[PDB]
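Notes follow the structure.
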Amino acid sequence: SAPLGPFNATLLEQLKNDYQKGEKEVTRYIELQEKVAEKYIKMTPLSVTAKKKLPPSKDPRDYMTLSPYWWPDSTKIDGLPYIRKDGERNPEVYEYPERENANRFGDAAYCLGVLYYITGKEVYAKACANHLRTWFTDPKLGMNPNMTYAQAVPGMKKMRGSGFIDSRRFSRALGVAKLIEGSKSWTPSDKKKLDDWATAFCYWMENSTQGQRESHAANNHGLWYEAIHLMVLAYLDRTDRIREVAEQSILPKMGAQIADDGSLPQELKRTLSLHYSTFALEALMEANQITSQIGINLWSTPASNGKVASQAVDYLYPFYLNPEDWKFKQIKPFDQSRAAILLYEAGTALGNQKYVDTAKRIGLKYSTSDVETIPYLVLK
Amino acid sequence: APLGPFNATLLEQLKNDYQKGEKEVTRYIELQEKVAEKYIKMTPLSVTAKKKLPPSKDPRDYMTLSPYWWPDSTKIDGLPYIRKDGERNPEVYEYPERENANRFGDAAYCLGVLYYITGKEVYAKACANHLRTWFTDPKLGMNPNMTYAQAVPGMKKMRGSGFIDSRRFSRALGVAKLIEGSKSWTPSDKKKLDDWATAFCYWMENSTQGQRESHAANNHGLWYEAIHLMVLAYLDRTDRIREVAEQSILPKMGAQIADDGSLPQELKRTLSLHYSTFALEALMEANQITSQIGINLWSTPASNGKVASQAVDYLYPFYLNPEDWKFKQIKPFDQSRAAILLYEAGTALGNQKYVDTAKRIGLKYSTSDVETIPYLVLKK
Ligand SMILES: O=C(O)[C@H]1O[C@@H](O[C@H]2[C@H](O)[C@H](O)[C@H](O[C@H]3[C@H](O)[C@H](O)[C@H](O[C@H]4[C@H](O)[C@H](O)[C@H](O)O[C@@H]4C(=O)O)O[C@@H]3C(=O)O)O[C@@H]2C(=O)O)[C@@H](O)[C@@H](O)[C@@H]1O
Ligand SMILES: O=C(O)[C@H]1O[C@@H](O[C@H]2[C@H](O)[C@H](O)[C@H](O[C@H]3[C@H](O)[C@H](O)[C@H](O[C@H]4[C@H](O)[C@H](O)[C@H](O)O[C@@H]4C(=O)O)O[C@@H]3C(=O)O)O[C@@H]2C(=O)O)[C@@H](O)[C@@H](O)[C@@H]1O
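Taken in sequence, the protein lines are chains B and A. Residues in the first sequence are numbered from 23 upward in steps of one, following PDB author numbering. Residues in the second sequence are numbered from 24 upward in steps of one, following PDB author numbering.
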């Protein structure tokens with residue numbers, strides 16, 4: 023039985039079982055994944071401190087990014103204050119190295135940790151640990167356990183919690199560190215430092231003003247907040263809190279966001295309405311990967327107001343078959359392949375064979391190096 | 024006004040009205056002077072400020088990534104890259120000269136124009152500093168070629184498509200004519216830049232990449248000639264400008280415009296309204312130069328009788344209502360581009376509907392966008 027973590031544990035356990043029994047199809051698949059993983063073994067571990075422009079704290083270990091839809095105002099002499107263009111990503115975001123480096127770290131750590139769990143080969147735990155130590159716990163290179171300056175906006179007067187959503191990029195890596203416990207490379211001291219960092223990060227996200235505000239967000243930010251929360255809580259083995267968060271925060275939030283026809287009105291007012299409708303459910307999907315490991319199914323458990331997350335999947339399903347039929351603003355193309363994992367997850371949780379069949383028909387590329395697809399041989 | 028890449032009529036009128044002390048223009052130039060202060064302070068940029076070197080190992084070689092080419096996730100190393108028309112690969116921002124050519128071009132153009140209008144030596148001093156560093160400096164100046172522009176990892180054959188990047192610094196080249204005669208731009212400076220532009224002119228006319236780009240069947244071929252005219256006008260080659268116009272630009276226009284005035288090579292793109300407009304922007308900037316020696320590219324026919332104004336007529340209804348556009352346009356079209364374009368084509372054609380619409384669309388009075396400096400007429 024796989025340790026509690028941010029992944030479909032049923033698929034992960036099955037891949038490990040089949041691999042240990044030498045089943046040929048799974049062994050060929052994992053051998054491919056191991057070739058894909060070679061670049062992560064050699065990759066130099068990344069650090070949030072690898073930036074020149076420092077945050078207002080003057081601390082390179084503070085994570086800082088630009089909120090992506092905020093641009094300089096050319097009618098202002100210094101371009102300040104920035105103005106918002108919903109759905110139009112300002113390429114200035116790439117001047118903050120931790121934006122993409124958190125992605126690269128998260129991919130590397132997730133891939134290596136999962137491969138260690140499946141294959142038991144110490145080389146994957148050793149490399150996973152090198153990435154985790156550098157990003158999280160190292161006294162010079164590790165990030166401070168906060169998100170004070172995530173998605174800052176030049177010229178903005180008020181403090182915001184919106185940047186907290188960036189945390190999903192490294193909180194999955196945090197969760198996967200559970201898979202390398204017991205390896206030779208991940209020492210009792212390593213685990214203790216990471217536990218303390220995760221405890222400090224959990225305190226910040228629950229008690230800071232930005233964390234409190236983000237926990238109250240009425241749209242996909244509130245769902246992603248709790249999906250990240252669960253990752254941290256599961257890493258810390260706080261199973262009672264996971265139930266409380268599922269029952270007292272996620273399900274009420276999910277219930278308040280679903281209209282009578284199943285649409286997500288908060289996401290429908292966005293310029294990328296099909297993207298953000300899907301993004302909201304992806305938060306619930308990743309949350310459910312964790313809650314369901316302790317017996318709570320977020321796809322089929324109704325909220326206090328009678329709304330159930332399956333209703334939102336039902337509304338969006340025809341538009342995953344034909345994204346061109348989408349009638350609300352979507353100023354960029356929608357990546358239909360996102361529906362593969364989503365419909366498989368919701369389909370399996372709901373016993374809806376039509377969703378699962380469509381999930382497989384859309385499918386994922388057998389040889390893709392996208393690390394989030396590693397558990398989904400069933401879709402390849 | 025000296026021969027260069029700008030609406031000479033608008034520039035002369037601004038200088039004349041500034042020198043007369045006309046109130047409305049004087050206020051406007053004063054605002055442009057406050058906008059230009061950041062370029063006085065700005066450290067000059069160099070193509071050599073990169074870590075990943077081009078295959079020549081020469082940091083003075085300009086190198087960028089062709090914007091629509093992406094790693095193939097189904098390949099272990101992502102090679103060869105694959106094309107996704109209209110989807111810019113954020114990897115392009117890892118090549119510093121992509122955005123640095125734009126920032127240099129903006130600084131040199133704004134300072135040169137403000138020197139021409141005001142006669143204030145501080146603007147030529149700063150303009151010269153940017154020009155020397157980018158173009159002629161024996162260590163920081165770029166080599167006069169575009170061999171590695173828009174390279175594509177894994178691609179076997181060389182291409183000339185990256186040449187279109189040159190428009191970002193070739194407008195700065197031509198604006199150097201505005202600072203000749205100042206105290207800061209010495210006879211030595213001018214000779215070095217003349218020699219560079221002659222070597223760049225040789226490379227773009229005789230290299231295989233330049234030859235191939237000169238025969239491209241779409242907006243690349245038009246942009247190639249607009250760039251060609253900036254270089255030739257900087258070198259005062261007025262007879263070559265006439266030849267290029269008659270033997271290259273007009274035949275391309277006659278081939279690329281369909282009987283109904285549409286641009287079929289641009290209609291097959293995923294950003295078909297953007298690239299139709301981009302084609303006409305190439306003709307627009309070409310015409311700004313040719314009309315200074317008596318050649319109107321908006322109304323001079325090709326040998327088959329077609330005129331570029333037919334392409335304007337075709338797109339005009341969609342500049343009024345971009346939502347009516349019927350071909351693939353996977354990102355929104357910025358309507359404000361129609362302002363300068365319709366004003367240029369409108370005045371060159373005596374079409375008062377075009378000019379009025381251009382004023383109705385308008386430009387922001389206080390915008391810092393440097394291409395809009397000559398267009399006070401659009402800012403009322
Ligand atoms: O590129 C990325 O980092 C990822 O972006 C992901 O989408 C996030 C963004 O990162 C931002 O955080 C963005 O924040 C939004 C809020 O969700 C919200 O819409 C907010 O709207 C305000 C608005 O600022 C204004 O004050 C107005 O008057 O009121 C609005 C309101 O109350 O609704 O604006 C924020 C903003 O843009 O700053 O939102 C999304 C999100 O998750 O909703 C995601 O696209 C991911 O795939 C990217 O990788
Ligand atoms: O750099 C920017 O962001 C600016 O880009 C401007 O658009 C340019 C691009 O930079 C590229 O150079 C792009 O090149 C295109 C060609 O125009 C052409 O479509 C070519 O088509 C081939 C294709 O490569 C492929 O082999 C296919 O099977 O056959 C095609 C064919 O010829 O039929 O593909 C090139 C490519 O994508 O590499 O094109 C544009 C352009 O000017 O057309 C511009 O968008 C600007 O606003 C940006 O700032």
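Heads up, the beta-carbon is just placed ideally off N, CA and C, and yes, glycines get one too.
Asked: Once DSSP output is grouped into helix, strand and coil, what is the label at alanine 24(A)?; Found: coil
Asked: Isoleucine 272(A) and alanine 309(A) - do their beta-carbons sit closer together than 8 angstroms?; Found: yes
Asked: Taking 8 angstroms as the threshold (C-beta atoms), are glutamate 114(A) and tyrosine 85(A) in contact?; Found: no
Asked: Which residues bound the beta strand (DSSP E) around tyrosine 337(A)?; Found: Per DSSP, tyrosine 337(A) belongs to no beta strand (DSSP E); it is in the alpha helix (DSSP H), 331 to 343.
Asked: Within 10 angstroms of the Cβ of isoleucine 316(A), are there 16 or more other Cβ atoms? Answer buried if so, exposed if not.; Found: exposed
Asked: Is the beta carbon of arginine 194(A) closer than 8 angstroms to that of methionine 253(A)?; Found: yes
Asked: Check the Cβ-Cβ distances between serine 359(A) and every residue of chain B, and say whether any is below 8 angstroms.; Found: no
Asked: Does the beta-carbon of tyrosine 257(B), which I'm using as the reference point, lie nearer than 7 angstroms to any heavy atom of ligand 2?; Found: no
Asked: Near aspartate 217(B), which residues of its chain fall below 7 angstroms by C-beta distance, leaving aside the five closest residues on each side in sequence?; Found: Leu258
Asked: Shorter than 7 angstroms, the distance from the beta carbon of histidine 238(B) to the closest heavy atom of ligand 1, or not?; Found: no
Asked: Listed from N- to C-terminal order along the chain, which residues in the segment 37 to 50 of chain A have their beta-carbon within a distance smaller than 8 angstroms of any beta-carbon of chain B?; Found: none
Asked: With a threshold of 8 angstroms between beta carbons, is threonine 390(B) in contact with chain A?; Found: yes
Asked: Ignoring anything shorter than 3 residues, give me the beta strand (DSSP E) runs that lie fully in the segment 63 to 109 of chain A, in order along the chain.; Found: 86 to 88
Asked: Closest to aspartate 100(B) by C-alpha separation, out of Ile99(A), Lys61(A), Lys98(A), would be which residue?; Found: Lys61(A)
Asked: State the beta-bridge partners of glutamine 352(B) as determined by DSSP.; Found: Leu294(B)
Asked: Quick check: is any heavy atom of ligand 2 less than 7 angstroms from the C-beta of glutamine 311(B)?; Found: no
Asked: Under 9 angstroms Cβ-Cβ, which residues of chain A neighbour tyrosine 116(B)?; Found: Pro113, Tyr116, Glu117
Asked: In its own chain, which residues sit with a C-beta less than 6 angstroms from the C-beta of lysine 74(B), not counting the 5 before and 5 after it?; Found: none
Asked: Assuming contact is defined by CB atoms lying nearer than 8 angstroms, are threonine 293(B) and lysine 351(B) in contact in what I supplied?; Found: yes
Asked: Taking only runs that begin and end inside the segment 124 to 189 of chain A, name each unbroken beta strand (DSSP E) of 3 or more residues, in chain order.; Found: 171 to 174
Asked: Establish whether the CB of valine 58(A) and some CB of chain B are separated by less than 8 angstroms.; Found: yes
Asked: Identify each residue in the segment 155 to 183 of chain B for which the Cβ-Cβ distance to at least one residue of chain A is less than 8 angstroms, and report them in chain order.; Found: none
Asked: Is the segment 49 to 67 of chain B touching the segment 225 to 237 of chain B, taking contact as three or more C-beta pairs under 8 angstroms?; Found: no
Asked: Can you list the residues of chain A that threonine 97(B) reaches, using a CB-CB cut of under 7 angstroms?; Found: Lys387, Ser389, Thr390
Asked: Just to confirm my understanding: we take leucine 33(B), look at its own chain, exclude 5 residues before and 5 after, and list those with CB closer than 6 angstroms. What are they?; Found: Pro397
Asked: What does a CB cutoff of less than 7 angstroms around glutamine 288(B) pick up in its chain, not counting 5 residues either side in sequence?; Found: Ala240, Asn241, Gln279
Asked: Interface residues of chain A around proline 355(B) at Cβ under 7 angstroms?; Found: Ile353
Asked: With distance defined between alpha-carbon atoms, name the residue in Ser189(B), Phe192(B), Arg190(B), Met169(B) nearest to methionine 181(B).; Found: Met169(B)
Asked: Give a yes or no on whether the C-beta atoms belonging to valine 393(B) and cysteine 150(B) are separated by under 8 angstroms.; Found: no
Asked: Alpha carbon to alpha carbon, how far is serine 89(A) from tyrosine 116(A)? Give it in angstroms, no decimals.; Found: 11 angstroms
Asked: Let me make sure I understand the geometry here. Which of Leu26(A), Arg106(A), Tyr51(A) has the alpha-carbon closest to that of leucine 37(A)?; Found: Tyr51(A)
Asked: Between the alpha carbons of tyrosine 171(A) and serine 184(A), how many angstroms are there, rounded?; Found: 10 angstroms
Asked: Are the Cβ atoms of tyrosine 337(B) and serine 295(B) separated by less than 8 angstroms?; Found: no
Asked: Suppose the cutoff is 7 angstroms on Cβ atoms and the five residues either side in sequence are ignored; what does the same chain contact list for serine 326(B) look like?; Found: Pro274, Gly277
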